[PDB]
Each structure stands twice: as structure tokens, then as C-alpha cells.
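can you look at this? It's an experimental structure, sequence on top.
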Amino acid sequence: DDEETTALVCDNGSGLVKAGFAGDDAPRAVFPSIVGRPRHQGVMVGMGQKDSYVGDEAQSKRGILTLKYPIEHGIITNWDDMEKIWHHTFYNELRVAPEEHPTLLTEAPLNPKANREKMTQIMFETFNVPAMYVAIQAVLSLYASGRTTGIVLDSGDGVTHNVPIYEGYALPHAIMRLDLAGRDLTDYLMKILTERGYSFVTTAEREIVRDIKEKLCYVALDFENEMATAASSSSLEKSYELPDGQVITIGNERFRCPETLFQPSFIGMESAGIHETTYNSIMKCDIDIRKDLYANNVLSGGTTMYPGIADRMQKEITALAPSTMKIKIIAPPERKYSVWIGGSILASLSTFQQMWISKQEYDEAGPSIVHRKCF
Amino acid sequence: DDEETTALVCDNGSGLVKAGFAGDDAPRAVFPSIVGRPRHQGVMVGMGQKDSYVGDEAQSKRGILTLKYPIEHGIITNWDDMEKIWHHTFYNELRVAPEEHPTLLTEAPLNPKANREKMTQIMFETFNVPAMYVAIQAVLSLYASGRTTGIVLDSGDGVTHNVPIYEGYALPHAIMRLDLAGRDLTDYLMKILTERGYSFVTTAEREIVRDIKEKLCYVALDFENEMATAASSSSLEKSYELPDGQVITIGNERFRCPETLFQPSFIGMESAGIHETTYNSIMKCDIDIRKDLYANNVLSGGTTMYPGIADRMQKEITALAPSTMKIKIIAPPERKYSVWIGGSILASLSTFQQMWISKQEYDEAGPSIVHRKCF
Amino acid sequence: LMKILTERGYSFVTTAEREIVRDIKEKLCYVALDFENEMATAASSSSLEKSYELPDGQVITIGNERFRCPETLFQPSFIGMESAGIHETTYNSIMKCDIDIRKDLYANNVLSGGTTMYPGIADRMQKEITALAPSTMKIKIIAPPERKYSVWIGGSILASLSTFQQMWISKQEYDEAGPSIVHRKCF
Amino acid sequence: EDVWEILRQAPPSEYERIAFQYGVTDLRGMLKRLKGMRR
Amino acid sequence: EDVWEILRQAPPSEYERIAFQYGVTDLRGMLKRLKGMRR
Amino acid sequence: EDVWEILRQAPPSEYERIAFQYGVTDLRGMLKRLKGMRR
């Protein structure tokens, strides 16, 4: 009921799905990627409970229903759930006809091709959008940076990687993977809370604990000195009302939860921390790209919302990087939605319809087309 | 407890260390050059786990321990680990007194002198062998050829070079370097397996994948035609029981892993493939040495164990070399141990003790001696 | 089981009733390898109606509960735990394990507990894994008859480890290092 | 600023570049606002 | 059996190991009986 | 073959050569077997 169209900038953020129109200032839809199964499924007069309309409704009315991510580990194992998820999206908070508007889709690196294959044809068929296009959430956040050069620590929704760049020029050889996720810190901190005399196993407990993080957990620049403090650091014992109501006490965990992103020994990953992954990616870089990398040390992720994260960056590099070069880590406050912003700009790139996955091109070339010479 | 002596033909094969006595028909010792750090180091009744007796024991009982090469990139960064490695060698599978027997050592071209300097004095002191001698693994394999003339593609344990020769006459100007290694193909194929919907990051996963190569991966003479086949080549989908137990599926990767030794674009080396490196070395050669080179196209390496490798040679040269000349690539089945065989013969060269690095010569001339007028 | 006994026309709330019922378990309750087939049997399985003298004296009747009490350790839905049964907990721990540790795990499927004294528990193990574990690998669950006291036996051996006094929490070490010592670098 | 004028005047290929040199690091911006016009 | 002799002869660190290979799965045993001597 | 005899008769410098012409490409061989005698 308007002019030509505006794109459908839709993000499948690892934890929450977020989206808006082309060039919107904020993805109007955001909510957990959960599927809900009411445990006991009590029989009452009438009904009123849908199985898995989780969206944002389920967690509030959580407990009976369990939690499910189709994309559990940044990779989706079930889709029926998931396409109904997008239907909820496009008809409950997008409440829009997909056929009406073009949509750009977020796909993470290392995906098997068939994943985007199907996501495509299903969106075509069920959603019959005018047509679609997809892009790497990492890459979309990278355009959200506008910083043509430098690496980005894309530790955002539920994934972590490094994205070395120069003038938009990134090396796939220079990009690695980090299975670490908000889920991982979740499991770790839940473990610690339990072992400290607590029963933290339940799903809603899982959401509560992540929130406990996001509003409480920080990271200390120094590790042992701050742990010695915690031996008697009477500052850090802030106890927080367990949302059920009894204040839950907190100590040094308020920081020593996520640092394991530098030391996965306690979380148990042979992998090396974020910092040295960035650094070795740096070494594999060419000679002088590295000063820019220092200056283009663009962080990304709201999961990385922790205090002193960037400063811990500069100091750790310093310990690693030569003092001769100068280190400048970037980290926008708008990092988790920066991916969606870059998607909105790129899909909004009305000079850039040509890359668009249309009905015909797909149909004549089937699913495989979107993969050859395009994405 | 016998007559004069027999040499100690010991190879520090880039991936595995191998060795035997003078003139042995096989290096009696072979095993990975790994160092093992048990990750969590669980406390139990008593002990029984040595840190880094990796040898061949560690990988079987792998996982807790990580992997370390002292010689990581054909060049050794740590030695304490490494001399204890040779102690394991000489006292666990050589189980012999180094002082008893002379030993010839394998050193690769382009080594900084100090490397062999120290390796020498440490072997003297710790091992007090009667005395020692060292030689280029490339050169030792080259005597293993007996082909006085021609170039050898020494793509063996973990390195790649070209060794143009004539009557044993090789040009250092005509010899180049290839960082490509079984490790490199390892990283590439691990990358591909992961991106195809797999989590291939773990060390034991690394050994498993190399084995997956060595028993599965081949190379196709043609690239695009065989890739078009793979579009529907129902032959190549052989899936192999992941050694954990679930059959891991395989497709075109069974070949398109190593070809990058001809095209380092996908592995990301500006360097040119093995074939054209050989060819340009050929051009720098004199006028007519080249026909012999064609006939002396001696391949080397078990890493090069792939099927049709030699045939791909002849065809690629053909595309390069004039049809006027006739191309004959050599490639023994005994190529990876050919280096050790040549070492055994040369050290066994009882007409050739005179080149031997003795106690005195070293002591009076310190470490530097072994480098001047000798090696 | 107290819940079930009560709901089947019984007043099982009292403490001594609690001990009695646990004993009723330990000497009666078993577990069936199959669930639905054995429940269909119980529809008419005239074997399983063994009634046991309530220790007060009146024989208490028993049916399929003699087995369907503990299986919930595999299905906590009826006991109401979102948690997954013992078997799949073992299995997912297995998956998180490294590549080839798992064959040993199959062979080292060591069960423990006298609470697990139930008949066919191990066999239910192998079958459930089989349904889970690849047939390629071979599953071997362990379960000593001496499982509940096996803990005490291991303690007796370890403490008896006269080569291992050094780990011992002594007067002084504690006193100078207070209570915290026993926790750092030791337990 | 002239970023409006010069990023509606510069090359497009180099609209990228010169938004990134002539002050519009948010070339991201420049296009989204160019679109706010043509969005 | 020789487990008595070889588990009073083997390493201790590897008394563990070789009770577990040379037949004394009850290294637990081997020590408790070694102790029945020294218990 | 006479490689045995002529490679225990030829020059040594040219033992190399004539193992490589008179059929013992494994001069490598010829020496290791000459050594199997003197090894």
C-alpha cells in the first residue's frame, strides 16, 4: 500500500531474532530463539496455550515449557519450529506479508551450504517474499563498522570469531571460530552458583542467570590481584534478589565468569582465549596491516558488554604486541544491534538490488544458484 | 659389546622421528614429534602419567595432553622437550648408549647455523656419542635416489622443495622452499570438514583427520572435470567411520584437499604450485640439463602418496614443458623412508668417517667448526 | 512410590511407613527392560501381583509398581524433573568426551550404587545405549555386587595408602593455614 | 561538512572510500541517509 | 601370578598401571594386601 | 652382473659413477652391501 518497497532487514541473532525494515533505526523485533514444551500439560476448561509461541511470551510464562533453539550452536538442527518462528516474526511483530517486502538474511560463516539452501527455498515458498538475500552476520556487523580495515572480535549474540580486514578486505584464512557463547558462560556460571550451595538447573533459572550476568557480571583487568582482593574484597559481595524473591549473594564470580574467554581451561577448551586468537590472526596477517589492526581493534557483541573488556584488550595485546606499535580496540555501545544496522544499510543499498536472490534465478537455477557467484 | 661400531642413522622427520643403525634396512624407530600436556591433570591414587613421553604412547592415550612439535615448521623452537625426545629415542626404542655408536643427523636447508650448532653440542654432552655427523634430509633422500642428475620434489614429511641435480650436482640458487606441509593440508581439510557441518578443532581430531587423508585422500588428474563429476559423482561419497565410531561421510575432498599444492590460492599462498616451482627451477637450469630433469623427475615424500600425483606431474609439465622433450617423473614407493635409507648408506660409508664431527675437532674448534668446511 | 501406594487406596504418609516403603523397594521393586510391553502385561500380568505382608502385619498387595517406580530415573516426567534419565545423561557426557575415549566408556560402563540394585538395570543400560550408541562400538556396563560399600572399600584402600600420608590434613598445617588450607592444593 | 554534497558527488565505488576519508565513517550512515531520501 | 612380586617390584606410579595391566585390576587390592603386610 | 666385482674393482670416486652406469643405480645399495660385508 505504498511505493516500490523497503527491504526486510531480519537477523537470526544467535540468542534472539531481530529485524526491521530497510534503513530502520532499530530492528523492531527481538526475542529469544526458544521453543516451549509445557512439561505436565494440565487439562483445563478450554485452552489458550499454544505449544511454542515462545517469542517473548514464553519466558514470562515459562517453566512448564522447556527451551529450544533451532540454531542451538549457531547452527540449526530443527526448522519446522524455526519457520513457524519466522511466521510469528512476520505476522505477530512483523505482522507483514513476506511477499510484500524484500528481506536480507543473516548467515554465519562455516555453515554447510544446504542450511542456506533450505532456509532460502522455505522462505520463498512459505513466505513468497518478492525475493530475498542473505549475508554473514559477522560481515553485516563489519559494514556496520564502516571501518574498512582491521579485525573485529565478533563475540556478540552467541558466537565468537575474529574478522581481520583492510579496506573491507578480510582473509578467510585469517578468520577462525570460537564455540564460546553466552550459553557457555551460562553453563559455567550456573555450575559455579550450584557448587557454591545452590540448585541452578532449571530453564527459567537459566534465563535468570544470564540476566544476572548481563546486569551484574563484569571482568577484572587483572586476574590474580583481583582474586586476592576477593579473598577479602568486601566490595564485591553484592547479593541480588533472586527474582523469585530471596536476594542471591554474589562475589568474585561477578567477574571471573567470562574471563575464561581468555582462559578456556576452566571452561575446558584447549582453544586459546579471544586475545591470543586475535593476536595469532594478526601474525598470519601481512607485515604492516597490523598497525591498522591495532587501531582497527574493533570489538563487537553485547555479550562482550563487560567492563574493562576493551582495556583488558589493550593490556593483553601490549603484553603480546610490540610497544613500538600502538593498539586501539574499538567497541561501539551499539555492537549487538550493529549487525542489524549493517544489514539494514546493505539491504537498503538500493544501488545493490542486483545481488538479490529473486524468484526466477532461484527457480531456474534451483537452490544451488544462491551459492554459486552469490550468497 | 661387538666390533668397531655401526653408525646411528637417525632422522628427525618433520612429523615423525625415525632412525636405525648404519646400513639398516629400516629405521627401527618412528613416531610423532609431539609434546603432551594433560589438560586437566586429574589427581588419582599414585601416578603413572609422564608429562611428555608422547613418542607413540601419547596419541593413543591422547586428549588430556596437547600436541607440540619442537621443530614446528621444520624449524625447532624448543629443545629441552626435544633432547628429552631423543633420550626417549636412544633409551626406549633405541635403548642404546649414544656414546657407543656414531650418529648422522638430518638437517634441513635454510636452517640458521646456531640450530645445528646447539643440536651438536647438546648431543655431544648429553649423549656423548663417539662423535656425530649431520646431513640435509633432502640431500640424504637424494643419495637414496642414487640418481646423480635431476631435480627431486622433496615433498615428504612436512616440507616441500625442489632439488635440481646433475651427477649429484645441485644448485642452491636452483633450490627453493615450500612452507606447505602435511600440517597445512591438515588445517585446510579440517577447515573444510568443519564448514561442511562438523566440529573439527581437537588435537586427536587432528591426528584422525591426517589419517583420514593418508588412507582416503587422493588427487584427481583433472580439476574442473572431476569437480563437475562431484556435482553428481556418486562414486566419491565414501563415508568413513569416524574413529570415535560414527561413519564420517566423504565426498570430493577425498581429492581436492592437496591439489592446492599446485594452487595455494585456496590455502592462501601467493606461492606457485609444486609443478611450476619445479618448472621455473628448470628454466633457471642450464640448456640441456632439462631433458635429464624430465627423465630425472624424482618425486619424494609419503605425503605425496596420493594417486596420480606423478601422472598429474607429467601432464602439467607437458602443458608447460615442450613436447619436444620427454618428461619422466620418478617416485619410489619408499620415498619417506628413502631419506633414512640414504642416511644409513652415507653414514654407513665406512670410506667416509673422515667427514665425521668428532669430540676433539669440535672441542678445540668449539661449535663453529662443524659449520666451516664441514656439516 | 509412597505417592503411588497412597493413590491406590492407601495411607502412606508416616515416617516408619517411609522406612517400610523403602524396604518394600529394596526387597521387591525391580525394573523392566521394556516399559510399554511390560505395562501391557501388567494389564493382565498375573505374575506381578505379589502382595507383601505389611510389616504391621496385613499383606500389602503389589503389582506393576514393583518395577515402574525407579525407571523414572530414565523418565523424570512422572517424578517431574525436566532432567534427562540416567542413560542419556551418560550418553551426552559421552558425546562431550573426546573421540575414542568412548569405546572404553562403553567397556568401562561402570555402574555404582545399591540403590541401583534393581534387576536388569545393567541390561537396560546396554539396550538403551544401543538405541543411542552406534552398533559399531560395543557397550559393556560394569556393576559390582559390592557397589554401595565399594565407596567405603576405595576409601579404606586410599586412606590405607601408607605411601600416601603426605596428602594428610594434619593439626599444624590446618592451624597455621586455618581452615582454608585444606582447600588450596589439597582436599 | 560537504559529506552530503561530496558523497552525492564523489564516485560510488569511492563513495565508500571518501565517506571513509572525508569524514563519514558511517558511509553506512551516508547510504542510509541518502536512502532516507531514497529509502 | 607374579602380581605380588611385580607389584612389589614395578614402579609405584606404575604400580597403579601394571596392577591394572598385569592382572591386579584391584590395584586397590594390591595396595590393601601390600598393607595387610604394612597395614 | 659383475657389479659386485666391478664396483669392488672400479675406482671409488667412480664407484659412484660406474654403479650408476654398470647397473647399480643403488650405488647406495652397492655401498650398503659392500658394508654388509664391512658394516
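Done, it's in. Numbering: from 1, shown residues only, chains lettered A, B, ... in the order given.

what parts of chain D come near chain A?
With C-beta under 8 Å from any C-beta of the partner chain as the criterion, chain D meets chain A at residues D:12, D:16-17, D:19-20, D:25-29, D:31-32, D:35-36, D:38-39. C-betas here are computed from N, CA, C, even on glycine.

now for those: which two are most distant?
D:17 and D:39 (22.6 Å; C-beta to C-beta).

circling back to that earlier point, quick one: which of the residues of chain D next to chain A has the most company?
For these, the largest neighbour count, defined by other C-beta atoms under 10 Å in any protein chain shown, is 28 neighbours, found at residue D:31.

my read: it touches residue A:347, true?
No: if you go by C-beta atoms under 8 Å, residue D:31 and residue A:347 don't touch, sitting 10.8 Å apart.

from residue A:181, how far out is the residue most central in space within chain A?
What sits nearest the mean C-alpha location of chain A, by C-alpha atoms, centre = their mean, is residue A:157, with 1.7 Å. Residue A:157 sits 8 Å away from residue A:181, going by C-beta to C-beta, to the nearest Å.

OK, contacts around residue A:336?
Under the criterion of C-beta atoms under 8 Å, 6 or more residues apart in numbering or on different chains, the contact list for residue A:336 reads A:13, A:156, A:157, A:301, A:302, A:303.

do that again at 7 Å, thanks
Counting by C-beta atoms under 7 Å, 6 or more residues apart in numbering or on different chains, residue A:336 touches A:156, A:157, A:301, A:302.

can you give me the helices in chain D?
Assigned by DSSP state H, the helices in chain D fall at D:3-7, D:13-21, D:27-38.

so for chain B, which of those sits nearest?
With C-beta to the nearest C-beta as the criterion, chain B lies closest to helix D:13-21 of the helices of chain D, at 24.3 Å.

now the closest one: how far from the chain's centre is it?
Distance of helix D:13-21 from the chain centroid (C-alpha atoms, centre = their mean, to the nearest Å) equals 7 Å.

could you do stretch A:278-290 as well?
Centroid displacement of stretch A:278-290 relative to its chain, using C-alpha atoms, centre = their mean, is 25 Å.

how about stretch A:152-167?
Distance of stretch A:152-167 from its chain centroid, counting by C-alpha atoms, centre = their mean, is 11 Å.

overlap in contacts of residue A:157 and residue A:181?
Common neighbours of residue A:157 and residue A:181 are listed as residue A:14 (criterion: C-beta under 7 Å, 6+ apart).

check the secondary structure at the closest residue to residue A:145 other than its chain neighbours for me.
Nearest residue to residue A:145 in three dimensions, chain neighbours excluded: residue A:298, at 5.2 Å (C-beta to C-beta, 6 or more residues apart in numbering or on different chains). Assigned with DSSP: H, G, I helix; E, B strand; the rest coil, residue A:298 falls in the strand class.

what about residue A:298, how many residues nearby?
When neighbours are counted by other C-beta under 10 Å, residue A:298 registers 27.

residues touching it, list them.
Contact analysis of residue A:298 by C-beta under 7 Å, 6+ apart lists A:145, A:147, A:150, A:152, A:330.

same check on residue A:352?
Residue A:352 neighbours (C-beta under 7 Å, 6+ apart): residue A:346.

next, give phi and psi for the closest residue to residue A:159 other than its chain neighbours.
Take residue A:159 and drop its neighbours on the chain: the residue closest to it by C-beta to C-beta, 6+ apart is residue A:74, 4.8 Å away. Dihedral pair for residue A:74: phi 70, psi 0, per degrees, to the nearest 10.

wait, residue A:74 sits on residue A:156?
No: look at residue A:74 against residue A:156 with C-beta atoms under 7 Å: they stay out of range, at 10.7 Å.

neighbour-wise, which of those two wins?
residue A:156 (28 against 22).

from chain B, how far out is the nearest residue to that one once chain neighbours are set aside?
Nearest residue to residue A:156 in three dimensions, chain neighbours excluded: residue A:301, at 3.4 Å (C-beta to C-beta, 6+ apart). Here the criterion is C-beta to the nearest C-beta, to the nearest Å. By it, residue A:301 lies 20 Å from chain B.

repeat that for residue A:35.
Residue A:35 is 21 Å from chain B, by C-beta to the nearest C-beta.

distance check, that residue against residue A:92.
15 Å.

buried stuff in stretch A:347-366?
For stretch A:347-366, a neighbour-count test (16 or more other C-beta atoms under 10 Å in any protein chain shown) marks A:347, A:348, A:349, A:350, A:356, A:357, A:362 as buried.

same question, stretch A:187-195
A:188, A:189, A:190, A:192, A:193.

what is the nearest of those to residue A:288?
residue A:188 (38.5 Å).

a helix runs through that closest one, doesn't it?
Yes: checked against three-state DSSP, residue A:188 lies within a helix.

which of the contacts of residue A:298 tops the neighbour count?
residue A:152 (31 neighbours).

may I have the phi/psi pair for the closest residue to residue A:334 other than its chain neighbours?
Nearest non-adjacent residue to residue A:334, counting by C-beta to C-beta, 6+ apart: residue A:341, 6.8 Å away. Main-chain dihedrals, residue A:341, degrees, to the nearest 10: phi -70, psi -50.

go ahead and confirm residue A:341 touches residue A:145.
No: using C-beta under 7 Å, residue A:341 is not in contact with residue A:145; the gap is 9.9 Å.

buried stuff in stretch A:230-250?
Using 16+ other C-beta under 10 Å as the test for burial, stretch A:230-250 gives A:230, A:236, A:248, A:250.

tabulate the CA atom coordinates of it in PDB.
What follows is stretch A:230-250, C-alpha atoms only, in PDB (Å, rounded to 0.1, in the frame of the first residue of the first chain):
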ATOM      1  CA  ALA A 230      38.100 -11.300  46.500                       C
ATOM      2  CA  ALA A 231      39.800 -13.200  49.300                       C
ATOM      3  CA  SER A 232      38.700 -10.200  51.400                       C
ATOM      4  CA  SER A 233      37.300  -7.700  48.800                       C
ATOM      5  CA  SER A 234      34.300  -6.600  50.800                       C
ATOM      6  CA  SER A 235      33.100  -4.500  47.800                       C
ATOM      7  CA  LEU A 236      32.200  -7.500  45.600                       C
ATOM      8  CA  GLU A 237      29.800  -9.300  47.800                       C
ATOM      9  CA  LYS A 238      26.700  -7.600  46.300                       C
ATOM     10  CA  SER A 239      23.900 -10.100  46.700                       C
ATOM     11  CA  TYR A 240      21.000  -9.800  44.300                       C
ATOM     12  CA  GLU A 241      17.400 -10.600  45.000                       C
ATOM     13  CA  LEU A 242      16.800 -13.900  43.300                       C
ATOM     14  CA  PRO A 243      13.900 -13.000  41.000                       C
ATOM     15  CA  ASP A 244      11.800 -15.500  42.900                       C
ATOM     16  CA  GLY A 245      12.500 -13.000  45.700                       C
ATOM     17  CA  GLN A 246      15.300 -14.100  48.000                       C
ATOM     18  CA  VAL A 247      18.400 -12.000  47.400                       C
ATOM     19  CA  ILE A 248      21.000 -14.200  45.800                       C
ATOM     20  CA  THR A 249      24.500 -13.400  47.100                       C
ATOM     21  CA  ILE A 250      27.300 -12.600  44.600                       C
END
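
how about that stretch and chain C, touching?
No: residues of stretch A:230-250 contacting chain C under C-beta under 7 Å from any C-beta of the partner chain: none, with a closest distance of 8.8 Å.

ok, now stretch A:45-61?
No: residues of stretch A:45-61 are not located near chain C by C-beta under 7 Å from any C-beta, the shortest gap being 14.4 Å.

got the CA positions of that stretch in PDB?
Output in PDB follows, covering the C-alpha atoms of stretch A:45-61 (Å, rounded to 0.1, in the frame of the first residue of the first chain):
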ATOM      1  CA  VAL A  45     -11.600 -25.700  30.800                       C
ATOM      2  CA  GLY A  46     -10.900 -24.800  27.200                       C
ATOM      3  CA  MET A  47      -7.400 -24.000  26.000                       C
ATOM      4  CA  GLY A  48      -5.300 -20.800  25.400                       C
ATOM      5  CA  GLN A  49      -1.800 -22.200  25.500                       C
ATOM      6  CA  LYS A  50       0.000 -22.700  22.200                       C
ATOM      7  CA  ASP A  51       2.800 -25.100  22.300                       C
ATOM      8  CA  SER A  52       5.700 -22.900  21.100                       C
ATOM      9  CA  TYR A  53       4.700 -19.300  20.600                       C
ATOM     10  CA  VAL A  54       7.700 -18.600  22.900                       C
ATOM     11  CA  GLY A  55       8.700 -15.400  21.200                       C
ATOM     12  CA  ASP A  56       8.800 -13.100  24.200                       C
ATOM     13  CA  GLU A  57       5.700 -14.600  25.700                       C
ATOM     14  CA  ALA A  58       7.000 -18.000  26.800                       C
ATOM     15  CA  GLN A  59       9.800 -17.000  29.200                       C
ATOM     16  CA  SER A  60       7.500 -14.700  31.200                       C
ATOM     17  CA  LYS A  61       5.000 -17.700  31.300                       C
END
